[PDB]
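In what follows, a structure is listed as structure tokens, so that the remarks can point back to it.
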Amino acid sequence: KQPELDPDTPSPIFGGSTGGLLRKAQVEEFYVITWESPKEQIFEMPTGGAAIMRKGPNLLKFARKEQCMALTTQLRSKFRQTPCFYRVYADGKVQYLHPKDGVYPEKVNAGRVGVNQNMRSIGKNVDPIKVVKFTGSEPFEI
Amino acid sequence: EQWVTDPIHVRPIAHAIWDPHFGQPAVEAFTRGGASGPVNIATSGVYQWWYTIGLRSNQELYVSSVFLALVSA
Amino acid sequence: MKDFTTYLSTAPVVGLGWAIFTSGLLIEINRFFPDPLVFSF
Amino acid sequence: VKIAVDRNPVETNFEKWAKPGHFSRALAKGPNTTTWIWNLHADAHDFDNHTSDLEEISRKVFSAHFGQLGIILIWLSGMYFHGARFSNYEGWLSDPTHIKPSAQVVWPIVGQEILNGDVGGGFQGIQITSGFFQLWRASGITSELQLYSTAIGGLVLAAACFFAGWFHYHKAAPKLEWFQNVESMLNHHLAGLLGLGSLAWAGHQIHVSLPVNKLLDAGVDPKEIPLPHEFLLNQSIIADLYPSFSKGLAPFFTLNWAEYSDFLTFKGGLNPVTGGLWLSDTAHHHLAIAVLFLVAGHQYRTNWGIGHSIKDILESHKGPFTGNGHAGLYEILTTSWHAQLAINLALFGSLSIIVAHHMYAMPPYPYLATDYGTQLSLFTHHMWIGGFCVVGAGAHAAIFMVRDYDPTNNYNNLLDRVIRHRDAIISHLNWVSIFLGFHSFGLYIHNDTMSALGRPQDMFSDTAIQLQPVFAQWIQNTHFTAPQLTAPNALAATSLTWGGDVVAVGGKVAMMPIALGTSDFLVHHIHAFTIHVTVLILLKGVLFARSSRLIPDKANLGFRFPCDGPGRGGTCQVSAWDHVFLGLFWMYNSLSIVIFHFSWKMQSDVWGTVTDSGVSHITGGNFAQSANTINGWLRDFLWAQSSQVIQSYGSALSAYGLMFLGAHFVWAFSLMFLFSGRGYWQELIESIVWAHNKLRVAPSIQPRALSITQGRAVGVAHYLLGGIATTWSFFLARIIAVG
Amino acid sequence: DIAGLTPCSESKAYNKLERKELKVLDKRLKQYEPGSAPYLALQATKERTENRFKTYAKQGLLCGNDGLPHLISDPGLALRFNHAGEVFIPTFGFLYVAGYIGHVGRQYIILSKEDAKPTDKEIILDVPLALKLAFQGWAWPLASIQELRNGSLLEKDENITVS
Amino acid sequence: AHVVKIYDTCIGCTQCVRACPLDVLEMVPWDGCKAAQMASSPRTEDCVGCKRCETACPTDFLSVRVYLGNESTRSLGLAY
Ligand SMILES: CC1=C(C/C=C(\C)CCC[C@H](C)CCC[C@H](C)CCCC(C)C)C(=O)c2ccccc2C1=O
Ligand code: SF4
Ligand code: SF4
């Protein structure tokens with residue numbers, strides 16, 4: 001069960017910085033991350049300095065998506081902690097992205113069907129002949 | 001006209017200047033011709049090519065300029 | 001001694017030994033033979 | 001604090017040389033690509049890249065220090081031995097006024113002997129602008145027989161220095177406990193290395209002030225001058241020279257310092273006949289330095305409960321705004337060598353430039369003020385060294401922040417507070433640089449436009465509309481009225497650059513006061529602009545190294561990387577290495593502007609020959625109404641002063657023109673690298689490799705083009721090389737034909 | 001007479017340049033006594049300068065309206081005259097030396113392609129092998145032509161291309 | 001956006017995913033030797049085009065190639 005975003009979640013103790021949180025975050029979108037973080041500890045922020053983190057699930061949020069994938073990968077690095085992602089649009093609609101499979105896209109989950117791929121040797125593509133349409137960047141099969 | 005008669009004693013002129021930024025010495029420095037105010041020498045080589053083909057009047061130049069404007073339109 | 005002779009195959013050897021031989025030879029030829037600009041015949 | 005070394009930590013053997021790149025396990029496997037060699041070269045000194053053993057890193061650094069000082073001592077010995085064997089030092093010594101210094105004589109091979117300029121003294125050779133003859137004259141040297149022994153001593157000391165390096169690396173390799181003795185390192189550098197050396201050199205200048213001040217400046221031939229040992233021991237001699245001696249050394253025991261006035265004297269200034277300064281002032285200054293740096297090295301608790309350590313002092317400094325500051329800066333320094341190196345190079349280059357500024361207007365030697373060439377040489381040399389040192393400090397700051405940094409134990413609220421507003425500083429300095437560019441460079445555009453439009457009465461000028469500074473003039477006023485008003489015991493002012501009294505030695509004015517007008521105002525604003533832009537580059541490289549607004553995962557990519565990828569429109573020159581790359585160019589620009597200002601001021605409003613009626617300078621005062629326009633720098637300074645560098649093929653100065661053209665060449669050559677990439681070059685190498693494989697002559701090592709980082713490195717290297725070499729050739733061929 | 005140039009002895013500008021150089025040398029040669037070192041240095045310099053100007057004018061080298069020597073590089077003008085040494089034989093000498101060098105380097109780089117890790121041999125050379133091959137290449141024109149007729153230098157199109 | 005493709009030349013090393021900074025591509029069934037995974041691009045609204053996935057892909061020739069397309073707020077990495 002992919003968990004959905006929950007407002008009114010406490011935040012880690014930190015002073016402030018000058019990264020992100022601009023006009024884009026108010027009228028376009030903002031991204032959210034949540035993760036366990038037991039054993040209240042010290043961590044580093046991708047757009048700031050060092051901060052403390054209580055035990056129990058805690059939630060953060062930033063401006064760009066990579067600003068949270070960096071934290072997910074960090075959490076991989078040291079102690080096995082398992083955060084998640086969230087999307088937000090102007091209408092308030094929320095979308096869950098990472099990890100949809102729940103098993104961290106680097107590992108397969110029981111079964112799905114992927115797109116944007118073709119069974120052809122590297123190269124051996126089509127010459128610019130018969131490619132006058134050019135459809136932006138061709139999938140070569142659609 | 002000042003070029004066809006004695007093409008050795010004179011030099012070409014390209015266009016004039018209405019720039020208010022020039023000072024009094026500037027108007028006195030860009031006045032090689034003497035028949036008008038500040039001017040600029042003509043380095044296009046158009047006098048020679050226009051006189052070799054045959055031209056000794058400014059009206060003959062106005063005519064061609066109007067003709068070229070018409071063909072452009 | 002062995003590792004030293006092996007070390008003596010790198011930049012600090014021919015590339016130094018070479019081009020030292022050559023600079024010396026050219027300088028000596030230009031010193032004994034002062035100013036050539038054309039062959040004897 | 002104690003000593004802690006290990007016995008035979010690394011056995012001495014020529015094996016590890018047979019495997020280049022052993023220090024990097026990635027390189028030790030083998031050179032399968034031509035990039036292997038360049039990485040071998042670019043990483044041999046990268047001690048913290050070999051392994052994370054900071055003990056081994058500290059040992060490597062403490063050994064490379066001796067490795068450098070050995071070369072330093074062999075260099076000084078080589079200078080002394082050049083002065084000894086082949087030079088006109090005796091001829092110069094018998095007649096310093098007209099004879100010029102020469103210590104290099106070329107070999108007759110292909111006509112290069114023309115470089116042996118006729119300098120007199122019965123000897124011909126290459127003129128030297130290093131300043132060793134004037135430095136040696138202040139030591140009572142009378143003949144060449146002394147420099148031989150001095151060079152012998154220097155070479156023995158250099159051999160012993162390499163010995164000590166090998167000893168402390170392979171026989172007495174210390175531990176981190178000894179290296180991290182900040183208390184001991186300070187109280188022995190500050191007190192011992194500085195105080196003891198200063199006291200020894202002051203005692204030296206005190207007992208060598210006889211020849212220079214009295215005998216050398218009385219027409220006495222150096223052979224006629226009694227040797228220094230004949231001055232030291234005989235009490236009758238030092239009683240005849242200075243009456244303050246032979247008293248009995250009584251005033252120094254009871255501290256009744258009243259009779260010591262013939263050798264510790266405070267005068268200031270110089271005689272327009274003696275050319276140089278006096279040794280008594282330098283002796284008193286060195287005694288002051290010795291006492292000061294010896295007492296200062298005694299303000300730290302080490303063992304016997306006397307004093308206070310550095311950690312307690314750092315802990316007892318906190319304020320309302322920051323709070324809990326200076327928490328782990330002691331560990332900041334004791335942990336990484338890069339932090340200490342960056343902190344040192346920070347003000348090391350700045351103090352080098354300050355030494356340049358204190359040398360050009362205060363020549364601390366005899367018979368060199370008239371030598372208009374040595375001053376420019378040393379001034380520009382030290383300023384470029386200072387610029388490089390400052391840029392290197394900017395680089396090593398980011399180096400520290402990359403490898404040796406973690407805000408957990410070295411945590412400090414000061415550093416994180418600086419980081420938390422790392423963007424407002426950059427934005428405001430951007431705005432300030434825009435201000436200075438529109439307000440210091442646009443003025444030259446306005447002046448050119450006004451001079452071209454035929455309105456000279458509207459151009460900025462000391463005659464049309466004055467824009468000269470007064471604050472610097474008020475500082476010069478406070479220094480001028482300082483004697484007898486705010487400096488009672490003082491005789492003269494700080495320097496003769498603002499106090500009239502045109503001092504001339506043999507026609508050539510040794511010193512004339514320097515004016516400050518609209519031109520100096522504009523040029524100092526240009527200097528501030530360039531320096532602020534350089535600091536902007538360096539600081540924006542240092543801060544945006546751990547994290548940024550675009551790429552958060554920036555620390556893992558390291559310190560030396562060209563980019564991240566052509567994504568988000570394009571990422572290029574984002575690493576701190578690239579910011580140091582650009583800071584090198586900006587330091588070049590700033591230092592070049594400053595040195596051109598120096599040269600042209602000194603040649604227009606300072607230097608010249610004095611006639612019966614006043615002084616006739618080199619140039620006819622072309623500094624007033626030429627600096628106010630960019631064309632002026634090409635009107636009377638660059639165009640005018642370049643005649644010698646291009647007209648010196650007929651004399652021994654042709655090598656200057658050769659270096660001139662070659663530096664132009666290498667500069668454009670650097671442009672080649674700076675404007676190109678690798679794709680084109682790699683594919684061209686591909687086709688060339690095709691051409692090779694047809695005859696089966698290609699190499700086994702895969703020939704690849706240079707790395708992007710190495711491409712930019714070669715670019716900047718050739719660029720600064722060409723620039724500095726061209727400017728060197730110019731300033732060194734122009735100043736010989738005018739002095 | 002070729003190209004309007006005249007033999008370099010009959011050039012008034014050439015002799016004027018020689019006199020100019022000698023005057024410029026003597027004006028600062030008169031600064032020193034005949035016993036000191038700089039004087040002997042200038043004496044020897046003048047010696048080999050006069051030798052420059054004397055030895056050039058033999059077997060014929062054309063100087064132009066400027067009096068300076070001008071090399072003739074066409075075979076055929078160096079023939080039918082005496083100019084084969086201006087640049088005709090130096091061409092063959094450089095070709096010989098460059099052959100020599102390339103031959104030795106190629107045979108080295110080939111004989112190293114057989115042992116394990118040849119890359120090492122390119123950063124740690126085989127000094128005795130290089131010395132042996134260095135003293136065996138001065139017949140390379142013989143070995144090159146017949147190694148060409150042999151075919152041991154043409155690779156039978158087994159290399160990496162893209163097209 | 002950025003048209004990303006994955007050819008049949010692949011071994012399923014799971015490296016171009018533990019290297020992608022934006023978690024764009026997935027790895028779902030493939031019939032391999034020891035790991036048996038193949039990469040796929042189900043979504044591209046967040047792909048910036050950094051070509052970090054092309055550096056870690058050890059396939060010769062590369063299994064993934066980013067066809068550079070048009071830019072957006074996500075594709076330009078704009079926090080504003
Ligand atoms: C030409 C060029 C190269 C190619 C650079 C090369 C090929 C440097 C190689 C030259 C060295 C000096 C080869 C010398 C090595 C010799 C084979 C052996 C040395 C000779 C001995 C006698 C020492 C780049 O890599 C590059 C990168 C980024 C921007 C622009 C450029 C660029 O313009
Ligand atoms: S280009 Fe960058 S963001 Fe896009 S799929 Fe590849 S690694 Fe991920
Ligand atoms: S990185 Fe390349 S080879 Fe590896 S799983 Fe991804 S597409 Fe396949």
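Naming works like this for the structure tokens: A, B, ... for the chains as they're shown, residue 1 at the start of each chain, ligands 1 onward in shown order.
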Residues at most 7 Å from residue 66 in chain F, counting only C-alpha atoms, excluding those fewer than 4 positions away in the same chain, as an mmCIF file with N, CA and C atoms, in the first residue's frame?
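Written file, result_19.cif:
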```cif
data_model
loop_
_atom_site.group_PDB
_atom_site.id
_atom_site.type_symbol
_atom_site.label_atom_id
_atom_site.label_comp_id
_atom_site.auth_asym_id
_atom_site.auth_seq_id
_atom_site.Cartn_x
_atom_site.Cartn_y
_atom_site.Cartn_z
ATOM 1 N N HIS F 2 12.301 14.673 -23.513
ATOM 2 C CA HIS F 2 13.477 13.940 -23.976
ATOM 3 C C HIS F 2 13.060 12.515 -24.329
ATOM 4 N N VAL F 3 13.115 12.182 -25.617
ATOM 5 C CA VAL F 3 12.750 10.852 -26.087
ATOM 6 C C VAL F 3 13.871 9.892 -25.717
ATOM 7 N N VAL F 4 13.618 9.018 -24.746
ATOM 8 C CA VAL F 4 14.591 8.033 -24.286
ATOM 9 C C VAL F 4 14.218 6.667 -24.847
ATOM 10 N N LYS F 5 15.219 5.937 -25.327
ATOM 11 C CA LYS F 5 15.020 4.625 -25.913
ATOM 12 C C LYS F 5 15.936 3.617 -25.233
ATOM 13 N N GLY F 49 17.567 15.339 -18.946
ATOM 14 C CA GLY F 49 18.511 15.156 -20.026
ATOM 15 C C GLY F 49 19.962 15.289 -19.624
ATOM 16 N N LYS F 51 22.187 13.128 -19.147
ATOM 17 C CA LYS F 51 23.055 12.074 -19.656
ATOM 18 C C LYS F 51 24.008 11.574 -18.575
#
```
Who sits within 10 Å of residue 44 in chain A, only C-alpha atoms, same chain under 5 positions skipped, as a ChimeraX atom specification: /A:49-52,71,74 /D:406-408
Write the residues of the selection above to a file with C-alpha atoms, as a PDB file, in the first residue's frame.
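This went into again-v1.pdb:
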```
ATOM      1  CA  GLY A  49      23.322  22.966   6.435  1.00  0.00           C
ATOM      2  CA  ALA A  50      23.247  20.273   9.115  1.00  0.00           C
ATOM      3  CA  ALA A  51      20.138  19.497  11.141  1.00  0.00           C
ATOM      4  CA  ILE A  52      18.761  17.101  13.738  1.00  0.00           C
ATOM      5  CA  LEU A  71      18.288  12.312   0.164  1.00  0.00           C
ATOM      6  CA  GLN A  74      21.997   9.162   0.942  1.00  0.00           C
TER       7      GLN A  74
ATOM      8  CA  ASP D 406      31.951  17.125   7.631  1.00  0.00           C
ATOM      9  CA  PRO D 407      29.616  19.428   9.641  1.00  0.00           C
ATOM     10  CA  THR D 408      29.253  16.940  12.513  1.00  0.00           C
TER      11      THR D 408
END
```
Which residue, F:32, F:58, F:21, F:42, has the smallest gap to ligand 3 when you use only C-alpha atoms and all ligand atoms? F:58
Please tabulate, as a tab-separated table, the residues of chain F that come within 8 Å of chain D, each with its closest pair of atoms and the distance in Å to one decimal, counting only C-alpha atoms and ordering rows by chain, then residue number upward.
```
residue	atom	partner	partner_atom	distance
F:48	CA	D:567	CA	5.4
F:49	CA	D:567	CA	4.3
F:50	CA	D:567	CA	3.8
F:51	CA	D:565	CA	5.8
F:52	CA	D:565	CA	6.9
F:71	CA	D:569	CA	7.5
F:74	CA	D:568	CA	7.9
F:75	CA	D:568	CA	5.2
F:76	CA	D:568	CA	3.6
F:77	CA	D:568	CA	5.1
F:78	CA	D:550	CA	7.4
F:79	CA	D:549	CA	7.4
```
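If we count only C-alpha atoms, these residues of chain C sit within 10 Å of chain D: residues 1, 2, 3, 4, 5, 6, 7, 8, 9, 10, 27, 28, 29, 30, 31, 32, 33, 34 and 35 of chain C.
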Written selection (C-alpha atoms) as a PDB file, in the first residue's frame:
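Output (result_18.pdb):
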```pdb
ATOM      1  CA  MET C   1      71.006  -1.653  -8.967  1.00  0.00           C
ATOM      2  CA  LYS C   2      68.484  -3.748 -10.876  1.00  0.00           C
ATOM      3  CA  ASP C   3      65.509  -1.562  -9.963  1.00  0.00           C
ATOM      4  CA  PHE C   4      67.686   1.475 -10.737  1.00  0.00           C
ATOM      5  CA  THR C   5      68.477   0.250 -14.248  1.00  0.00           C
ATOM      6  CA  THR C   6      64.757  -0.465 -14.701  1.00  0.00           C
ATOM      7  CA  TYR C   7      63.934   3.063 -13.516  1.00  0.00           C
ATOM      8  CA  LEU C   8      66.372   4.211 -16.191  1.00  0.00           C
ATOM      9  CA  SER C   9      63.747   3.577 -18.864  1.00  0.00           C
ATOM     10  CA  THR C  10      61.247   6.445 -18.533  1.00  0.00           C
ATOM     11  CA  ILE C  27      76.074  22.441 -30.749  1.00  0.00           C
ATOM     12  CA  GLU C  28      79.466  20.825 -31.356  1.00  0.00           C
ATOM     13  CA  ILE C  29      78.877  20.690 -35.117  1.00  0.00           C
ATOM     14  CA  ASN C  30      77.906  24.364 -35.095  1.00  0.00           C
ATOM     15  CA  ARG C  31      80.918  25.218 -32.906  1.00  0.00           C
ATOM     16  CA  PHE C  32      83.710  23.462 -34.807  1.00  0.00           C
ATOM     17  CA  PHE C  33      81.940  24.211 -38.096  1.00  0.00           C
ATOM     18  CA  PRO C  34      80.957  27.836 -37.438  1.00  0.00           C
ATOM     19  CA  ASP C  35      78.315  29.035 -39.929  1.00  0.00           C
TER      20      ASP C  35
END
```
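Backbone DSSP over chain B gives helix (DSSP H, G or I) for residues 24, 25, 26, 27, 28, 29, 46, 47, 48, 49, 50, 51, 52, 59, 60, 61, 62, 63, 64, 65, 66, 67, 68, 69, 70, 71 and 72 of chain B.
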Give me the residues of chain C that have any atom at most 9 Å from an atom of ligand 1; for each, the nearest atom pair and the distance in Å, rounded to one decimal. Use only C-alpha atoms and all ligand atoms, sort by chain and number, and format it as CSV.
```
residue,atom,partner,partner_atom_place_in_ligand_line,distance
C:11,CA,ligand 1,23 (C),6.7
C:14,CA,ligand 1,22 (C),7.9
C:15,CA,ligand 1,22 (C),4.6
C:16,CA,ligand 1,22 (C),7.7
C:18,CA,ligand 1,22 (C),7.6
C:19,CA,ligand 1,22 (C),7.0
```
12 Å from ligand 3 is the threshold here; counting only C-alpha atoms and all ligand atoms, which polymer residues fall inside it? Answer as a ChimeraX atom specification. /A:105-108,117,122 /F:4-20,24-30,32,35-41,51-66
Output the selection as an mmCIF file, in the first residue's frame - C-alpha atoms for each residue.
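Below you can see result-v8.cif, which holds the result:
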```cif
data_model
loop_
_atom_site.group_PDB
_atom_site.id
_atom_site.type_symbol
_atom_site.label_atom_id
_atom_site.label_comp_id
_atom_site.auth_asym_id
_atom_site.auth_seq_id
_atom_site.Cartn_x
_atom_site.Cartn_y
_atom_site.Cartn_z
ATOM 1 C CA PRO A 105 13.048 1.038 -9.360
ATOM 2 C CA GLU A 106 16.608 -0.337 -9.459
ATOM 3 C CA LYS A 107 15.005 -3.707 -8.508
ATOM 4 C CA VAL A 108 12.196 -5.391 -10.421
ATOM 5 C CA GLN A 117 11.763 0.610 -26.090
ATOM 6 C CA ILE A 122 22.309 -0.747 -31.367
ATOM 7 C CA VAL F 4 14.591 8.033 -24.286
ATOM 8 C CA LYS F 5 15.020 4.625 -25.913
ATOM 9 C CA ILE F 6 16.328 1.235 -24.770
ATOM 10 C CA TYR F 7 17.620 -1.223 -27.369
ATOM 11 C CA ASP F 8 17.928 -4.994 -27.101
ATOM 12 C CA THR F 9 21.652 -4.615 -26.388
ATOM 13 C CA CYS F 10 21.426 -4.945 -22.611
ATOM 14 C CA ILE F 11 22.620 -7.181 -19.780
ATOM 15 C CA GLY F 12 20.571 -5.843 -16.852
ATOM 16 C CA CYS F 13 23.423 -4.526 -14.727
ATOM 17 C CA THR F 14 20.992 -2.363 -12.692
ATOM 18 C CA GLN F 15 23.564 0.454 -12.840
ATOM 19 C CA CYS F 16 21.837 3.056 -15.019
ATOM 20 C CA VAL F 17 19.078 3.234 -12.380
ATOM 21 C CA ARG F 18 21.201 3.479 -9.226
ATOM 22 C CA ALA F 19 22.957 6.257 -11.158
ATOM 23 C CA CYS F 20 19.999 8.210 -12.577
ATOM 24 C CA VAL F 24 13.040 8.091 -14.437
ATOM 25 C CA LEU F 25 13.511 4.534 -15.743
ATOM 26 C CA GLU F 26 12.396 1.164 -14.383
ATOM 27 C CA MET F 27 13.559 -2.439 -14.786
ATOM 28 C CA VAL F 28 10.810 -5.031 -15.285
ATOM 29 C CA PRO F 29 10.789 -8.476 -16.799
ATOM 30 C CA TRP F 30 13.653 -9.613 -19.007
ATOM 31 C CA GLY F 32 18.629 -12.896 -18.988
ATOM 32 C CA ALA F 35 20.003 -11.111 -13.244
ATOM 33 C CA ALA F 36 17.496 -10.965 -16.137
ATOM 34 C CA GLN F 37 16.378 -7.330 -16.131
ATOM 35 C CA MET F 38 15.857 -4.789 -18.912
ATOM 36 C CA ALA F 39 15.489 -1.028 -18.603
ATOM 37 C CA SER F 40 12.451 0.931 -19.765
ATOM 38 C CA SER F 41 11.289 4.562 -19.759
ATOM 39 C CA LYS F 51 23.055 12.074 -19.656
ATOM 40 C CA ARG F 52 24.148 10.506 -16.376
ATOM 41 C CA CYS F 53 22.444 7.231 -17.306
ATOM 42 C CA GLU F 54 24.505 7.037 -20.519
ATOM 43 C CA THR F 55 27.804 7.228 -18.618
ATOM 44 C CA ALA F 56 27.198 4.160 -16.413
ATOM 45 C CA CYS F 57 25.677 1.939 -19.113
ATOM 46 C CA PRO F 58 28.507 -0.503 -19.964
ATOM 47 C CA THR F 59 26.806 -1.821 -23.113
ATOM 48 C CA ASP F 60 28.710 -1.466 -26.398
ATOM 49 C CA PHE F 61 27.194 0.225 -27.989
ATOM 50 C CA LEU F 62 25.142 2.020 -25.323
ATOM 51 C CA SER F 63 21.712 0.603 -24.530
ATOM 52 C CA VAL F 64 20.114 4.008 -23.810
ATOM 53 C CA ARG F 65 20.427 7.201 -25.844
ATOM 54 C CA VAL F 66 18.705 10.447 -24.856
#
```
Compile the contact shell of range 455-471 of chain D as a PDB file with N, CA and C atoms, in the first residue's frame: residues with an atom at most 7 Å away, counting only C-alpha atoms, same-chain residues fewer than 5 positions apart removed.
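Everything below was put into result26.pdb:
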```pdb
ATOM      1  N   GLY B  23      30.451  68.508 -31.880  1.00  0.00           N
ATOM      2  CA  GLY B  23      30.744  69.871 -31.496  1.00  0.00           C
ATOM      3  C   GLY B  23      31.144  70.719 -32.690  1.00  0.00           C
TER       4      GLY B  23
ATOM      5  N   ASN D 447      34.653  59.396 -21.954  1.00  0.00           N
ATOM      6  CA  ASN D 447      35.758  60.289 -22.264  1.00  0.00           C
ATOM      7  C   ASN D 447      36.194  60.141 -23.717  1.00  0.00           C
ATOM      8  N   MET D 450      33.564  61.848 -25.878  1.00  0.00           N
ATOM      9  CA  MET D 450      33.639  63.303 -25.827  1.00  0.00           C
ATOM     10  C   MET D 450      34.849  63.823 -26.598  1.00  0.00           C
ATOM     11  N   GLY D 517      45.604  62.311  -9.100  1.00  0.00           N
ATOM     12  CA  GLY D 517      44.566  63.086  -9.752  1.00  0.00           C
ATOM     13  C   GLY D 517      43.391  62.251 -10.224  1.00  0.00           C
ATOM     14  N   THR D 518      42.615  62.791 -11.166  1.00  0.00           N
ATOM     15  CA  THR D 518      41.487  62.055 -11.710  1.00  0.00           C
ATOM     16  C   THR D 518      41.930  60.737 -12.327  1.00  0.00           C
ATOM     17  N   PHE D 521      42.397  58.248  -9.592  1.00  0.00           N
ATOM     18  CA  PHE D 521      41.057  57.922  -9.111  1.00  0.00           C
ATOM     19  C   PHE D 521      40.414  56.861  -9.995  1.00  0.00           C
ATOM     20  N   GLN D 625      46.452  63.632 -19.076  1.00  0.00           N
ATOM     21  CA  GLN D 625      45.333  63.616 -20.015  1.00  0.00           C
ATOM     22  C   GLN D 625      45.419  62.451 -20.996  1.00  0.00           C
ATOM     23  N   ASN D 628      42.657  59.193 -18.606  1.00  0.00           N
ATOM     24  CA  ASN D 628      41.217  59.421 -18.603  1.00  0.00           C
ATOM     25  C   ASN D 628      40.518  58.795 -19.802  1.00  0.00           C
TER      26      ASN D 628
END
```
Identify all residues of chain A in strand (DSSP E or B) (DSSP on the backbone) and supply them as a PyMOL selection string. chain A and resi 31-35+41-44+50-53+58-62+84-88+94-95
